[PDB]
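Single-structure report; data block below.
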Amino acid sequence: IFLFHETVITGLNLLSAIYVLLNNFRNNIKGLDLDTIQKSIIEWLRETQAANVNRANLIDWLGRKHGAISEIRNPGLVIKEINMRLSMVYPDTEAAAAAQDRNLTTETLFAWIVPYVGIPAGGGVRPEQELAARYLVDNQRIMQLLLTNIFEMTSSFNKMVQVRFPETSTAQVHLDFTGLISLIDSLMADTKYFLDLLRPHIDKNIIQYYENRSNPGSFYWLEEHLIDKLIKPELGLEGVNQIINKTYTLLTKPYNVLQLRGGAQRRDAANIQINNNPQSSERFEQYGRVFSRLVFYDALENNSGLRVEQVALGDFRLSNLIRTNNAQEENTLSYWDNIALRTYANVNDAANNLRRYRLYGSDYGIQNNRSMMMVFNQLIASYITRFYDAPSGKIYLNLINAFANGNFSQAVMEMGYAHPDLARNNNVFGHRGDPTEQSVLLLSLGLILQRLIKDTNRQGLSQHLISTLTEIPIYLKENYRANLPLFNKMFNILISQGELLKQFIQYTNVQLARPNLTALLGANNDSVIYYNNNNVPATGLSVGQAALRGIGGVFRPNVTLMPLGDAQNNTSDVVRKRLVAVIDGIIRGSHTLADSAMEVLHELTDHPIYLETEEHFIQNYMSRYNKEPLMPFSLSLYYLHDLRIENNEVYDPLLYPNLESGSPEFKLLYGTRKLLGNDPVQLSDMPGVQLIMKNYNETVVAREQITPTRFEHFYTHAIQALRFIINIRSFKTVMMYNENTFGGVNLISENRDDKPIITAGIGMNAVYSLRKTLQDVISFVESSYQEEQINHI
């Protein structure tokens with residue numbers, strides 16, 4: 001009964017979770033199927049009357065099936081918005097410098113294609129219909145969602161799902177699923193094996209309840225939907241890969257070009273025509289804005305597309321260190337009062353008017369600004385916050401030494417090598433140029449770390465630093481144990497995202513040009529930050545930009561921020577070098593902090609045993625109750641619970657490294673820390689898994705017993721599946737702009753028509769941890785009365 005729960009039900013829940021993710025992945029990729037979208041648009045133009053040529057009619061069309069051409073789940077997401085200013089996507093193909101380019105929108109294109117509806121006598125596609133298939137599709141949105149979905153899915157660990165680039169004639173991108181497929185076969189075989197073994201001792205009704213194909217989440221239901229209709233054919237996984245490749249190829253292929261000039265008086269007049277003499281850059285869709293947003297920010301949109309409201313510096317716990325010298329000295333952090341005479345605001349107006357752009361926070365995890373740079377800086381913020389003990393006012397030096405005194409000593413000790421996230425009030429974030437490899441750290445966090453390394457008391461001794469581990473409080477070492485692995489894994493997720501983006505940029509022909517930013521925004525060609533007819537030069541000499549009294553500004557030209565520039569400063573080659581530079585900076589910082597986290601962890605006497613709620617919990621439980629606490633592997637599946645949604649994006653507080661020692665969330669993280677990691681898990685690292693095995697073999701006779709190799713194999717496959725699922729939904733997905741993506745879908749439901757893992761309803765087949773609260777799980781472990789918990793199961 002207990003063993004059945006721990007083997008059959010656990011394996012069925014894990015396989016069902018794998019199916020949910022794979023099926024949602026399939027639906028998303030089908031939703032971004034560019035081959036179908038283009039062919040359907042051409043068919044629409046072939047079969048539509050001239051009067052019905054409008055975006056509404058096409059949206060209705062794509063929502064329907066037309067012969068072999070499949071419907072699209074969400075037509076409006078992949079067709080350009082009606083008023084999308086076309087110069088926002090196609091670089092200067094456009095003349096953004098006029099008030100006539102303003103009347104040039106997708107509406108103009110729909111008005112331009114009216115005369116080229118219908119089929120020529122030959123039956124072949126019109127050239128205009130091929131141009132319409134290109135220019136009417138929101139290609140940038142497709143590329144963004146495709147990249148994000150792939151990046152959520154990519155699972156190089158355990159060689160599960162590997163994104164390989166075979167650069168042949170097609171712009172080839174392949175998702176090798178062999179590892180995940182072999183793992184699915186393995187867990188299905190193990191699930192069937194324990195079913196066969198336990199059939200004689202379990203009620204026939206229970207076995208049929210977990211086997212009958214009509215019951216969702218049963219073994220044979222999975223054998224139908226997960227294997228027969230997904231892994232090995234409905235659209236199979238290899239067909240999904242085909243659509244991924246074809247879509248990416250179609251996104252990056254050469255096309256014929258239109259001359260997008262227009263605007264007689266309104267948006268239904270066309271100076272548009274075929275351009276049979278195009279520049280090379282126009283034959284290719286450009287995705288510089290998309291990649292920019294993925295890395296740091298998309299400067300073209302309001303506030304560079306970020307959520308950056310000016311807040312008092314004291315919103316952050318460590319605001320007293322957003323400073324320039326010791327606490328007892330006179331602060332010099334200020335802002336430019338007048339640029340003509342280069343005067344600084346005085347102490348009072350500086351301390352009262354200075355605001356921080358809220359790109360990170362101390363009280364929450366990653367919940368906004370899911371770009372690589374801002375995720376990176378928010379992780380640093382939480383890092384310093386969690387490990388700086390306020391009552392003592394100390395942080396362990398080895399945590400930050402390599403970062404602030406080593407690889408990133410420039411961003412912390414020198415000025416200009418950080419993004420300026422401080423300014424006087426009534427100065428919005430605005431439209432901001434590209435950072436460099438050396439300005440991916442937020443200036444505010446750099447100043448904090450500078451204060452952490454350098455601050456000294458009146459006797460010259462270090463103010464904030466503890467030099468030896470022996471003097472770290474106990475609970476803080478517990479916090480180390482539980483949170484440092486999360487920090488390492490997350491900085492490595494950033495590294496993996498950056499390296500994979502680099503492989504896409506390098507091993508495919510994608511063009512990464514930006515539009516004519518200065519024309520669209522009306523900014524100066526020397527402007528490094530522009531917002532509402534204010535031009536911030538690369539010197540940073542603008543009223544309100546942060547500065548240091550008596551020394552100068554926080555901007556270093558050609559380092560802090562690049563000019564936003566015109567189309568010529570926004571070519572695919574240029575933006576390519578800029579994106580890769582920012583990526584490399586993120587990667588270097590993440591490597592350094594991750595190595596430091598592991599270094600401090602290695603110095604600690606860390607022997608994680610599965611579901612110890614705290615140090616020495618097992619031995620003390622044995623001492624008090626003379627028995628070994630129940631720690632079934634099933635409880636780890638609690639992490640498969642529904643993620644939290646905020647502003648349509650998932651996050652997971654349970655699996656964010658800001659947890660506090662002794663809390664229930666912390667106890668789960670402390671118990672499952674090696675299980676969440678990437679290291680092999682031996683069966684002695686899970687003592688309750690070994691005890692349930694021994695207790696079942698003591699009852700059954702030789703023929704029906706289990707080998708420590710069959711148990712080791714099942715659980716190796718149980719570990720891998722759980723890690724694959726968790727790494728998708730709670731990490732890769734959470735650390736990226738994930739709206740309209742598959743990674744964060746709920747795996748659980750109380751409706752069996754909704755999900756194959758059914759909790760608290762007709763068809764309920766979920767493990768104990770998915771039907772109960774976290775407190776129930778922790779007490780499941782820490783209760784003396786084991787018989788009543790076994791009675792629960």
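Quick reminder, even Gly has a Cβ in these numbers, built from the backbone with ideal geometry, and neighbours come from all protein chains shown. What is reported rests on the model, the rules as stated and the sources as named; these are not laboratory values.
So here's what we get for this one:
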item: Test set (1) assigned by TED's automatic domain parsing to the domain that holds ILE725; (2) surrounded by fewer than 21 Cβ atoms within 10 Å (Cβ to Cβ); (3) closer than 30 Å to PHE151 by Cα; (4) not charged (D, E, K, R) - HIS174 fails condition number; result: (1)
item: Matching helices (runs of 4 or more DSSP H) fully within the range 193-306 where at least 3 residues are in the same structural domain as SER16 (by TED's automatic domain parsing) and over 27 Å from the mean Cα position of the chain (by Cα); result: 204-209, 219-222
item: Qualifying residues in the range 426-484 (those that are within 25 Å of the chain's Cα centre (by Cα) and among the hydrophobic types (A, V, I, L, M, F, W, C)) - the one nearest to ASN302 (Cα to Cα); result: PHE429
item: Close pairs (8 angstrom Cβ cut-off, 6 or more residues apart or separate chains): over 23 Å from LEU442 (Cβ atoms) in the range 543-572, part of a helix (DSSP H, G or I) and small (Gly, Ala, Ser) anywhere; result: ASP566/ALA519; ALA567/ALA519; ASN570/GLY288; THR571/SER281; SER572/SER281; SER572/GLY288
item: Residue within the range 113-122 that is outside the structural domain of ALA519 (by TED's automatic domain parsing), buried (at least 22 other Cβ atoms within 10 Å of the Cβ) and either among the hydrophobic types (A, V, I, L, M, F, W, C) or touching a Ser or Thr at 6+ places or on another chain (Cβ under 8 Å) (or both) present; result: yes
item: Pick from the range 17-63, criterion assigned to a loop (DSSP other than H, G, I, E, B) and closer than 27 Å to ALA121 by Cβ, ranking: nearest to the chain's Cα centre (by Cα); result: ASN54
item: Filter result (of a type outside the set (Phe, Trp, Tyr) and under 29 Å from the mean Cα position of the chain (by Cα)) within the range 614-635; result: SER634, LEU635
item: Filter pass, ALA766 being over 30 Å from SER371 (Cβ atoms), among the aliphatic types (A, V, I, L, M) and crowded, with 23+ Cβ neighbours inside 10 Å; result: yes
item: Per-region count, the range 3-27, residues surrounded by 22 or more Cβ atoms within 10 Å (Cβ to Cβ) and within 14 Å of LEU145 (Cβ to Cβ); result: 1
item: The range 62-88 - residue that is loosely packed, with under 14 Cβ neighbours inside 10 Å and basic (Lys, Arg) and, of those, farthest from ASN740 (Cα to Cα); result: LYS65
item: Of all residues in the range 693-752 being among the basic types (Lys, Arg) and closer than 21 Å to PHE491 by Cα, the one that is surrounded by the most Cβ atoms within 10 Å (Cβ to Cβ); result: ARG729
item: Any hit, the range 354-370, residues being of a type in the set (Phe, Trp, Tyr), out of contact with any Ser or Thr (no Cβ under 8 Å at 6 or more places or on another chain) and under 20 Å from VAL536 (Cβ atoms); result: yes
item: Residue in the range 90-105 that is nearest to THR571 (Cα to Cα), counting only those that are out of contact with any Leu (no Cβ under 7 Å at 6 or more places or on another chain) and surrounded by fewer than 22 Cβ atoms within 10 Å (Cβ to Cβ); result: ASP92
item: Subset of the range 106-126 [more than 35 Å from the chain's Cα centre (by Cα) and over 16 Å from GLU43 (Cβ atoms)]; result: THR108, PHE110, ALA111, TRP112, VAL114, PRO115, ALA121, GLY122
item: Matching strands (runs of 3 or more DSSP E) fully within the range 467-575 where at least 1 residues are in contact with a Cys (Cβ under 6 Å, 6 or more places away or on another chain), closer than 21 Å to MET373 by Cα and hydrophobic (A, V, I, L, M, F, W, C); result: none
item: All positions within the range 288-321 that are within 25 Å of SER362 (Cα to Cα) and of a type in the set (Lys, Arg); result: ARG293, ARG307, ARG317
item: Some residue of the range 740-759 being outside any loop (DSSP other than H, G, I, E, B), within 30 Å of the chain's Cα centre (by Cα) and more than 21 Å from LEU226 (Cα to Cα); result: no
item: Residues within the range 599-629 that are exposed (fewer than 14 other Cβ atoms within 10 Å of the Cβ) and under 17 Å from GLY688 (Cα atoms), tallied; result: 9
item: Any pair with Cβ under 8 angstrom, 6 or more apart, that starts in the range 587-613 at a residue that is over 30 Å from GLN503 (Cα atoms) and ends at one that is acidic (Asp, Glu); result: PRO608/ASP685; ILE609/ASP685; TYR610/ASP685; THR613/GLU782
item: Residue check, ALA760 over 21 Å from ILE207 (Cα atoms), exposed (fewer than 15 other Cβ atoms within 10 Å of the Cβ) and of a type in the set (A, V, I, L, M, F, W, C); result: no
item: Counted residues, the range 650-665 - those being under 20 Å from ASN727 (Cβ atoms), surrounded by fewer than 21 Cβ atoms within 10 Å (Cβ to Cβ) and not aliphatic (A, V, I, L, M); result: 4
item: Helices (runs of 4 or more DSSP H) (entirely within the range 331-423) containing at least 2 residues that are surrounded by 21 or more Cβ atoms within 10 Å (Cβ to Cβ); result: 372-387, 397-402, 409-413
